[PDB]
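# take these chains first, placed just as they are in the complex:
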Amino acid sequence: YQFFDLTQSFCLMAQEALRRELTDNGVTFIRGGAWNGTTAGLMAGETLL
Amino acid sequence: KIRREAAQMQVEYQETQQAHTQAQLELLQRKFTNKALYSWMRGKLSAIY
């Protein structure tokens, strides 16, 4: 859980870095749902990939 | 008549056999890794793949 939280923060800041580099503020692909709490929050890896 | 009693307790033995096999089935369905989890697996993997 802690590692997934760290990786989610990392991917969000990477998304913001890509937004700055492309000078656009509308593109979003990390839209949550990676932590499916009904199943211990699994299958976040392939979604983030 | 003691033979009859032995036969009847054999009947209750096999009845307990059915009882704990049904218990095995229900606990297997109540296990953690199950059909809902595996359907989540297959669907997410198919789409993301």
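Looks like it came in fine. Numbering: from 1, shown residues only, chains lettered A, B, ... in the order given.
# show me what counts as buried in the helix or strand harbouring residue B:7.
Residue B:7 belongs to helix B:2-29 when elements are defined using DSSP states H and E. Neighbour-count burial for helix B:2-29, counted by 16 or more other Cβ atoms under 10 Å in any protein chain shown, picks out no residue. C-betas here are computed from N, CA, C, even on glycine.
# after that helix, which helix or strand is next? Please name it.
In N-to-C order, the element after helix B:2-29 by DSSP H and E is helix B:35-48.
# what's in contact with that following helix?
Contacting residues not belonging to helix B:35-48 are listed as A:36, A:39, A:43, A:46-47, A:49 [Cβ atoms under 8 Å, 6 or more residues apart in numbering or on different chains].
# go on, stretch A:16-26?
With Cβ under 8 Å, 6+ apart as the test, stretch A:16-26 has contacts from residue A:27.
# hmm, back to that, are any of the contacts of helix B:35-48 buried, and which?
The neighbour-count criterion (16+ other Cβ under 10 Å) marks A:43, A:47 among the contacts of helix B:35-48 as buried.
# grab the nearest non-local neighbour of residue A:42.
residue A:36 (6.4 Å; Cβ to Cβ, 6 or more residues apart in numbering or on different chains).
# doesn't residue A:43 make contact with the one you found?
Yes - using Cβ atoms under 8 Å, residue A:36 is in contact with residue A:43, at 6.3 Å.
# would you mind listing what in chain B touches chain A?
Applying Cβ under 8 Å from any Cβ of the partner chain, we find that chain B lies next to chain A at B:36-37, B:40-41, B:44-45, B:48-49.
# mind redoing it with 6 Å?
Residues of chain B lying near chain A by Cβ under 6 Å from any Cβ of the partner chain: B:37, B:44, B:48.
# against residue A:49, how distant is the last one?
Put plainly, it is residue B:48. 8 Å (Cβ to Cβ, to the nearest Å).
# so residue A:47 makes contact with residue A:34?
Yes - taking contacts as Cβ atoms under 6 Å, residue A:47 lies within contact range of residue A:34: 4.9 Å.
# give me the element residue A:5 is part of.
Assigned by DSSP H and E, residue A:5 falls in helix A:2-22.
# add one more, call it chain C:
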Amino acid sequence: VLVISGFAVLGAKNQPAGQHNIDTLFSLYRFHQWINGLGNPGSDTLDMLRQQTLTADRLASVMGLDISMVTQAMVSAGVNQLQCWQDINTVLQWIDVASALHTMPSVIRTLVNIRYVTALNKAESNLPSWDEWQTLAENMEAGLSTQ
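Below is chain C, added to the chains above:
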């Protein structure tokens, strides 16, 4: 669902939420047995049980029993809605005692309402009249076999 409802949709006796004792233990055991017996629509059943949209006719359709049986169970238990599992289990046990005796729920209510006091020493003499006794006997006996 139980914790989200905070034992409000479960009901309690003399305590808010629920104290950890035999009453709540038995209530939870019977509730889990009911959930197990729910069947395939049990998922949706619990779904609107989270809400307050679980209606009497929907419960009748899910359990497969008679809507008039459910209605007479309502009017016998005195509950107008399945606010809590206390009311739900009261209705379920009324249906159970009706079905075990193979007799109508209002007949069960009439049998229970018999204050067999026979000229005081208690609340009152609720003994039915002669024709009422005859009709009640007919209704409670109508569901037997041939032999």
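# back to the contacts of helix B:35-48, now that we've got chain C?
Residues from elsewhere that reach helix B:35-48, judged by Cβ atoms under 6 Å, 6 or more residues apart in numbering or on different chains: A:39, A:43, A:46.
# no wait, stretch C:17-29
For stretch C:17-29, contacts defined as Cβ under 6 Å, 6+ apart pick out C:6-7, C:12-13.
# pick out the residue closest to the middle of chain B.
What sits nearest the mean C-alpha location of chain B, by Cα atoms, centre = their mean, is residue B:25, with 1.0 Å.
# try chain C
Residue closest to the mean C-alpha point of chain C, counted by Cα atoms, centre = their mean, is residue C:91 at 1.4 Å.
# my read: it touches residue C:73, true?
Yes - with contact defined as Cβ under 6 Å, residue C:91 counts as touching residue C:73 (4.8 Å).
# what helix or strand is residue C:90 located in?
Going by DSSP H and E, residue C:90 is part of helix C:85-101.
# the residue of chain C found nearest chain B: neighbour count?
Residue nearest to chain B within chain C: residue C:36 (8.0 Å; Cβ to the nearest Cβ). Using other Cβ atoms under 10 Å in any protein chain shown, residue C:36 has 11 neighbouring residues.
# do the same with residue C:102
With other Cβ under 10 Å as criterion, residue C:102 counts 12.
# for it, give me its contacts.
With Cβ under 6 Å, 6+ apart, residue C:102 has these contacts: residue C:143.
# mind running it again at 8 Å?
For residue C:102, the contact set (Cβ under 8 Å, 6+ apart) comprises C:143-144.
# do residue C:72 as well
Residue C:72 makes contacts with C:104-106, C:109, as judged by Cβ under 8 Å, 6+ apart.
# buried residues in stretch C:69-84, which are they?
C:69-70, C:72-74, C:76-77, C:79, C:82, C:84.
# make TSV out of these and add secondary structure and distance to residue B:12.
TSV is the format used below for these (DSSP: H, G, I helix; E, B strand; the rest coil; distance: Cβ to Cβ, whole Å):
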residue	secondary structure	distance to residue B:12
C:69	helix	35
C:70	helix	37
C:72	helix	39
C:73	helix	36
C:74	helix	41
C:76	helix	38
C:77	helix	38
C:79	coil	41
C:82	coil	39
C:84	coil	40
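# out of the residues you listed, which is nearest to residue B:11?
Using Cβ to Cβ, residue C:69 is the member of those that sits closest to residue B:11, with 35.5 Å.
# chain D next, sequence below:
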Amino acid sequence: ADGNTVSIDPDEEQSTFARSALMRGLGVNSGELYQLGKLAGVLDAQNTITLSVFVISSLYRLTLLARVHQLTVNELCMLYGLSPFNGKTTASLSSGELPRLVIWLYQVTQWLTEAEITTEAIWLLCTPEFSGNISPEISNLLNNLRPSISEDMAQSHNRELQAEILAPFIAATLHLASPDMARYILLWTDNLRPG
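Adding chain D to the chains above:
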């Protein structure tokens, strides 16, 4: 055989002795008697009925028809709804229509027993009706379709391509076998247009 009007309403207090006798003879509870009256169409105001030998014979014929096919009153009502003779009363069954109904019921029961399907399940899988509201599976389909796919690529013109795109989601929400089978179920439902 007196012709007097008695009510078969299960909620009716002070049930008639003749009503109780009919209940015991038919071996069905009062709710099933009401369902039989609904099926026969001989129902009247306040769910009353004239005690006539014709109506008694019709009800007993319905009971025998259920018994010979080993089905209850509710299942009989369901199969009557699913039958081509739906929306008709037992009184409105001609001398040639009754044998047709009998033979149709026999063939249906034989095929159903061969296929090993229950009653309410075959009701649901034969009628085009709905449960009544949004199911948790439909909610999951919404929650997995709105984020994953937006209008950007969903607003295309190729209906078959849209079906291909939506197929894996349908398979996920229906616990189906393959995306192509989900697509083909989508093709059925689109050529049917339920809603």
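# try the contacts of residue C:72 again now we have chain D.
Residue C:72 touches C:104-106, C:109, D:10-11, counting by Cβ under 8 Å, 6+ apart.
# what parts of chain A come near chain B?
Residues of chain A found near chain B (Cβ under 8 Å from any Cβ) are A:36, A:39, A:43, A:46-47, A:49.
# in terms of helices and strands, where is residue D:120?
For residue D:120, the element it lies in under DSSP H and E is helix D:119-126.
# tilt between whichever helix or strand comes after that helix and helix B:35-48?
Going down the chain from helix D:119-126, the next helix or strand is helix D:136-145, by DSSP H and E. Angle, helix D:136-145 to helix B:35-48, by axes from the mean of the first three to the mean of the last three Cα atoms, to 10 degrees: 30 degrees.
# which outside residues touch the helix or strand following helix D:136-145?
Sequence order places helix D:151-154 as the next helix or strand after helix D:136-145, per DSSP H and E. When contacts are defined by Cβ under 8 Å, 6+ apart, helix D:151-154 is touched by residues D:162, D:165.
# please save the CA atoms from helix D:151-154 in PDB.
The C-alpha atoms that make up helix D:151-154 are tabulated as PDB, following Å, rounded to 0.1, in the frame of the first residue of the first chain:
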ATOM      1  CA  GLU D 151     -16.500  10.400 -26.400                       C
ATOM      2  CA  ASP D 152     -13.200  11.300 -28.300                       C
ATOM      3  CA  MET D 153     -13.000   7.900 -30.000                       C
ATOM      4  CA  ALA D 154     -16.500   6.700 -29.100                       C
END
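# just to revisit the earlier point, dump the residues of chain A next to chain B to a markdown table, plus distance to residue D:155 and secondary structure.
Converted to a markdown table, these look like this (distance: Cβ to Cβ, whole Å; DSSP: H, G, I helix; E, B strand; the rest coil):
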| residue | distance to residue D:155 | secondary structure |
| --- | --- | --- |
| A:36 | 28 | strand |
| A:39 | 32 | helix |
| A:43 | 28 | coil |
| A:46 | 27 | helix |
| A:47 | 24 | helix |
| A:49 | 27 | coil |
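# which residue packs closest to residue A:48, ignoring adjacent ones?
residue A:11 is the one closest to residue A:48 (Cβ to Cβ, 6+ apart), at 5.5 Å.
# the one you found: neighbour count?
Number of residues near residue A:11 (other Cβ under 10 Å) recorded here: 17.
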